[PDB]
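Step one of this worksheet: look at the structure below.
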Amino acid sequence: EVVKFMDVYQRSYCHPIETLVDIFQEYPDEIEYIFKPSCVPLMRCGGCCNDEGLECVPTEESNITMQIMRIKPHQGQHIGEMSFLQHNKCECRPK
Amino acid sequence: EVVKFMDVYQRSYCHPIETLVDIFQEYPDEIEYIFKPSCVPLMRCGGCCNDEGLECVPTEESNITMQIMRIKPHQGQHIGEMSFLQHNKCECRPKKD
Amino acid sequence: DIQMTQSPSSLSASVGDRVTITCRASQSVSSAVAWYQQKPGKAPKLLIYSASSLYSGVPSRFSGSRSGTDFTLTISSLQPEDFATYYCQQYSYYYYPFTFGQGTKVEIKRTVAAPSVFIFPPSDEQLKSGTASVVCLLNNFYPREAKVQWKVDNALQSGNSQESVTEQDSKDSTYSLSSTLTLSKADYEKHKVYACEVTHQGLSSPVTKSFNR
Amino acid sequence: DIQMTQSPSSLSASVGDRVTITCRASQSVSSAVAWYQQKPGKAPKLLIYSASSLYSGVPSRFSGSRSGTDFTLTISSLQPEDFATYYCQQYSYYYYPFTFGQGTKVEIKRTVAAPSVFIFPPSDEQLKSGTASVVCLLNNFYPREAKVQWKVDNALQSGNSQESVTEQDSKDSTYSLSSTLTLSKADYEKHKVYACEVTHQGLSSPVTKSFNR
Amino acid sequence: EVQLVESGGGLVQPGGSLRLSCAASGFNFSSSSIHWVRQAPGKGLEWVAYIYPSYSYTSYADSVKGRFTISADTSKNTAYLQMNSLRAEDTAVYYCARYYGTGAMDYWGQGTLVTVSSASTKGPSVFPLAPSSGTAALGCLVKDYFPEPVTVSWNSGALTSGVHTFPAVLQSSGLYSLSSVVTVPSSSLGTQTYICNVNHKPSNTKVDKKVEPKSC
Amino acid sequence: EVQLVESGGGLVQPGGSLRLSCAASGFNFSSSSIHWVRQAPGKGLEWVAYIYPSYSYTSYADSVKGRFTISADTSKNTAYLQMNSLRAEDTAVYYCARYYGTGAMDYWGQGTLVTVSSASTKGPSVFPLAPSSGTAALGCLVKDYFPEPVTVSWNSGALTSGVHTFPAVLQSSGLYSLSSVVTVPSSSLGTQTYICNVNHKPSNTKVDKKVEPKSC
């Protein structure tokens, strides 16, 4: 049954949350390759600040490294270690 | 230390995942109101299918209802029950155009 | 619960001085704060809303401002009719539609002014009922700090008299005060000289006013 | 491990018939499957890749197709030079880069054809070394199912002879077969009539070929 | 011209009921909403309850939830607060105030005084404070009454210059008493008539005591 | 013109080492990659190992991991598979094949035969199968050799019409033996010279036996 107001607000306030990011979006210079998987699970600042004059942005950033299969057609494939940017803490700030 | 290939693939394959959806995006006819919170946590089909000719789309949909504060400036506010669409099961399918 | 914490608690400033009242929110409220002005014995009047914008018909000297949690009402040219209690108020529903602050008793500072002193004997109509109330009246004086002491035949008095003090005037910013010496008809009828002795920063020589029945 | 399971195991069809080989994947591979064609004694040749697209220089009759896990090679107009073993192959990295199936040996069906029969006595050069090998040769016959039996002075023989069979021909689709009767020089030198008796679906009367030393 | 007017406050025995009425004027009470706010003597402002008649939404403060009930008669352009099972802490001044943008209250009512106590009702005795012998002072003593409030005016509202009505003092008897005094010129005495109009609503006592200088 | 060429396969004692060489021609072996695949006699295809020289990436199959080692000399345009500690199951035909789009192999090598066994090496004895008396048949018997393979050709490659070289048979002695036979016209005998060219690489035996009809 119904989710109460206080639960919805707290769960949907600007905080870091598991977001699925396309690898292409993060590394757009690397176009020769086909990536498997094509996207990865990262922690990114999502959620709403409840004000049109404010946006949710990160303060504490960190790095995580993932084994990604990188295919290079008519050439070869391999498991390469690719680093990705993560968010550890978010805060509401002016646009 | 490092997350292995098999973990990344399985966690990032097309499945339903908690996504934060703006209420405006879902109900765009309701413009008079200001919503608190302005967004809500829903389960939606995200993740990648690992193919440019395929997209991740839902099969089994359901509904969830949430108490949302709906402010109507210079008039009044109230807790209204608002229904939202959720995804229970996702599948990889061809891009139709 | 969101706690709004106002500083200071009380406050006196001179005519024309700049007054600054701060109100600190526990967690981000956004720009959803209002400032109110409650005179004594009347309802709050709205001064500012959305933290900074001025309500229609409020004079310009009142001005709200923000620093990401610290909200600040500023009276730029304090005036004797600004004597009031000022409340901040946050909204943005979060269990409770709003929480008020504790308050800020704003006073006015003015030149030293001495009381006109009067004394009233009990009414003959009151004496019928069996009681006797003597009233010493201090009128239009500043500051509030005044000491009244009763003398029945050159004898001091103990906890048989009560003081009531006017609230600071909106025009000249003076105070007024009544001391009420209550006795029985019988006890009143056994003494001749009644007197109240006023001691104030204003007058140099503690003035005394008295009567004989 | 991803298991590719091919069906059928073996298979014969006529010239011009439609042939369908299926290959079933354990879990979704995507469209990442290839079909190969291995002739006898040669390396695989690629026919199809990405499940459906045809490799450059492969004739059009070969065609790959998919049904979300069930992959299907189809030879639309089988021809005598398609006699081969066909392997499906899945890639899509999971643990290994790729995996194969167990194979699908295809055969050709043609009209009944009778063998030309020959018999060869041991070489005089071989007799020097102390052994004697007699060779019965069955040439260009269909089907493979043929029974050869040796007769030394009208006596049958037991496990002292071995058969080797040609692999189906690429042009006419016939088989050929050698039966090799091995003896010692001494045992060979104690009998006069050597004969192999060929029994085949083709010829009506079991033909016999023989010689005298 | 917008105004809110409250009524129905007074004295009530603990565990008793009491109904407050907030009467709107100068705006469509249907197309807006009302807060109730109370303020205990000396203490600051506290939210009681809220109503938004258009969507029949209503909400209450924890300390009140279950005991009070907000309603609104859109026809009459009026909001009501029904207060049952009143306690000593419920003694306060009750304001209704209409709701401004995204929160906040812009127009407030004059406010009614709800006083929860087991005590009896007493009307005041009124005794004149007669002047003696430049500037002369005189007044009214309004002694021994309960509960609050008492309102005093001089010559039916015709005099406000130099008037002080002191705050009510609580005596040892548990009864209130106050004085209302006024300054006037000496030469005006005898010519001018100073009557003081005391009104104590909760015991329907209306007294108009004439103050004059006593013979000698 | 693309081609892969393998070498170095043969007989090895269990626990022994053996090195395979895959020699690329017609493409930049630097800007591509190579698989090794093996196929046991009768059984199907199995992945061994993979290399992608450009990124010095290499990967092996579990059954091999730790024992084999892929390398590549980009200069020589050549890939190598170093096989240590060979077992009986490692007996197979080893193919190297270059890598196609997103997986799959398009060009494969001819394939070398690695045969793990403790047995001795024997060269074949070659005896002629002389014809007798329309169409005449004749051939070569290549008896008692080990290990596989033996290659046979007639008149140095100048004859292929009507030639059958039978699969090798494994005798009770543990030695292989095969026959190679050919059909020719009867009238061509005496005029034409039929010599059979047997070559058994793993014992460096090259025999060219002349087949003629024996006097009478």
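Under a plain spin-label model, where a point goes 7 Å from the Cα along Cα-to-Cβ, how far apart in nm are A:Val57 and C:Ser210?
7.9 nm
Whole angstrom only: what separates the Cα centroid of the stretch D:137-213 from the Cα centroid of the stretch D:64-121?
Cα centres, the stretch D:137-213 to the stretch D:64-121: 30 Å.
Taking neighbour counts of Cβ atoms within 10 Å as a proxy for exposure, in what order, fewest first, do A:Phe5, F:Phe146 appear?
On the way: A:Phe5 18, F:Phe146 24.
By the 10 Å Cβ count, ascending, the order reads A:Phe5, F:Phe146.
Considering only DSSP beta bridges whose two residues both sit in the stretch F:119-213, what percent are antiparallel, to the nearest 5? Present the calculation step by step, with values, prior to reporting the outcome.
Working: 32 of 33 bridges.
About 95 percent, rounded to the nearest 5.
What Kirkwood radius, in Å to one decimal, follows from the Cα pairs of the stretch D:111-213? Mind showing how you got there, number by number?
On the way: mean 1/r = 0.0701 Å⁻¹.
Every distinct Cα pair counted, the radius reaches 14.3 Å.
Determine the relative contact order of chain B: mean sequence separation of Cα pairs under 8 Å and six or more apart, normalised by residue count, in whole percent.
Numbers: 175 pairs, mean separation 29.3, N = 97.
Averaging sequence separation for qualifying contacts and normalising by length gives 30 percent for chain B.
E:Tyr100: net charge of surrounding residues, Cβ under 13 Å, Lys/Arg +1, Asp/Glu -1, itself excluded? Mind showing how you got there, number by number?
On the way: positive: B:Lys72, C:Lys45, E:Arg98; negative: E:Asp106.
Taking every Cβ under 13 Å from that of E:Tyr100, the sum is +2.
Taking every Cα atom in chain E, find the radius of gyration and the maximum pairwise distance Dmax, and write them in Å.
Radius of gyration, then largest Cα-Cα span, for chain E: 21.0, 70 Å.
Report the one residue of E:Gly157, C:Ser133, F:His164 whose Cα lies farthest in the direction of the positive end of the charge dipole of the protein assembly as shown (charges on C-beta: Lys and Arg +1, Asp and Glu -1; origin at the Cα centre).
The residue sitting farthest along the positive end of the dipole is C:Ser133.
Once every DSSP H run of n ≥ 4 in the protein assembly as shown is given -39500 (n - 2.57) and the sum is divided by its residues, what mean residue ellipticity at 222 nm do you get, rounded to the nearest 500 deg cm²/dmol? Don't skip to the end; give the middle numbers.
Numbers: 8 runs with 42 residues, N = 1050.
Calculated from helices alone, the mean residue ellipticity at 222 nm is -1000 deg cm²/dmol.
Closest beta-carbon to the D-to-C rotation axis: which chain D residue owns it, and what is the separation in whole Å?
D:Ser28, 23
With an 8 Å Cα cut-off and a minimum separation of 6 or more residues, compute the relative contact order for the stretch E:1-118 in percent. Write out the running numbers ahead of the final one.
On the way: 287 pairs, mean separation 42.3, N = 118.
About 36 percent, as a whole number.
Would you grab the residues whose amide H sits under 5 Å from the one on C:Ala84? Only those 5+ places off in sequence or on another chain, please, with H modelled 1.01 Å from N.
Amide H to amide H, under 5 Å and 5 or more residues apart or across chains, C:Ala84 pairs with C:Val106.
Where does the charge balance sit around C:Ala51 when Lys and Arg score +1, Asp and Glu -1, over other residues with C-beta under 11 Å from its C-beta?
Values: positive: C:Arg66; negative: C:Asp70.
Within the 11 Å Cβ shell, the charges total 0.
Over the alpha carbons of chain A, what is the largest minus smallest coordinate on each principal axis, giving the biggest first in Å?
55, 36, 20
Of all GluC sites (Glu not before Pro) in the stretch D:167-208, which ones are in loop regions per DSSP and have a Cβ with at most 14 other Cβ atoms within 10 Å? Please list the in-between numbers first.
Working: sites: D:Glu167, D:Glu189, D:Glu197; in loops: D:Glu167, D:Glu189.
Here the sparse-neighbourhood loop sites are D:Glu189.
What is the sum of charges, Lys and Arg at +1 and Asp and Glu at -1, for the other residues whose Cβ falls under 11 Å from the Cβ of C:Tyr96? Show your work: numbers first, answer last.
Working: positive: none; negative: C:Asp1, E:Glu46, E:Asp62.
With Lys, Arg at +1 and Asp, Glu at -1, the net is -3.
Quantify how strongly other chains surround peptide F:25-36 by giving the mean number of their Cβ atoms within 10 Å of each of its Cβ atoms.
Values: counts 0, 0, 1, 1, 0, 1, 4, 4, 6, 1, 3, 0.
That works out to 2 on average.
Out of residues 5 or more away from E:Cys140 or on other chains, whose amide H comes under 5 Å of its own, with H placed 1.01 Å from N in the peptide plane?
So E:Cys140 has HN proximity to E:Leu129, E:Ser180, E:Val181.
Give the Rg (one decimal place) followed by the Dmax (whole number) of the stretch F:119-213, computed from C-alpha coordinates and expressed in Å.
13.7, 46
Quick check of the Kirkwood formula: for the stretch C:139-198, what is the inverse mean of 1/r over all pairs of different Cα atoms, in Å? Present the calculation step by step, with values, prior to reporting the outcome.
Working: mean 1/r = 0.0767 Å⁻¹.
13.0 Å is the Kirkwood radius here.
Of all the residues in chain F, which one has the C-beta that comes nearest the axis relating F to E, and what is the distance in Å?
Looking at chain F's Cβ atoms against the axis toward E, the nearest is F:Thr102, 28.
Using just the alpha carbons, could you tell me how many Å³ per residue the convex hull of the protein assembly as shown encloses? Could the numbers behind the result be given before it?
Details: hull volume 278.5 nm³, N = 1050.
Considering the Cα atoms of the protein assembly as shown, their hull volume per residue is 265 Å³.
With a 10 Å Cβ neighbour count serving as the proxy for reagent exposure, in which order, fewest first, do F:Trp108, E:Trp47, E:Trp36 appear?
Working: F:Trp108 22, E:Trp47 19, E:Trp36 26.
With the fewest neighbours first, F:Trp108, E:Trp47, E:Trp36 line up as E:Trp47, F:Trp108, E:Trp36.
I'd like the distance between the alpha-carbon centres of the stretch A:42-95 and the stretch F:1-73, rounded to an integer number of Å.
Measuring centre to centre over Cα atoms gives 39 Å.
Can you list residues from other chains, or at least 5 along the same chain, whose modelled amide H is less than 5 Å from the amide H of D:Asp17?
Residues meeting the criterion, in which the H sits 1.01 Å from N, are D:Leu78.
Taking the Cβ of each residue in F:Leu129, F:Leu45 as the centre, tally the other Cβ atoms inside 10 Å and list the residues starting with the fewest. Intermediate results must be reported in sequence, preceding the final value.
Details: F:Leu129 27, F:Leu45 24.
So the residues, fewest neighbours to most, are F:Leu45, F:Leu129.
Which of C:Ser28, C:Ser65, C:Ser129 ends up with the largest GNM mean-square fluctuation for chain C, with Cα atoms connected below 10 Å?
Answer for the Gaussian network model of chain C: C:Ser129.
Tell me the distances, shortest first, between C:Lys209 and the same position across the other copies, using label points 7 Å along Cα→Cβ, in nm to one decimal.
Listed shortest first, these distances are 15.8 nm.
Across the stretch D:1-78, how large is the tail of the calculated P(r) beyond 17 Å, expressed as a percent of all Cα pairs?
Working: 1424 of 3003 pairs.
Taking all Cα-Cα pairs of the stretch D:1-78, the fraction more than 17 Å apart is 47 percent.
Please list the radius of gyration and Dmax for chain D, considering alpha-carbon atoms only, with Å as the unit.
Using the Cα atoms of chain D, the pair Rg, Dmax is 23.2, 70 Å.
So basically every Cβ, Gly included, is an ideal-geometry build from the backbone, and we count neighbours across all protein chains shown. Where a number appears in this text, it was derived from the coordinates with a stated rule and is not lab data.
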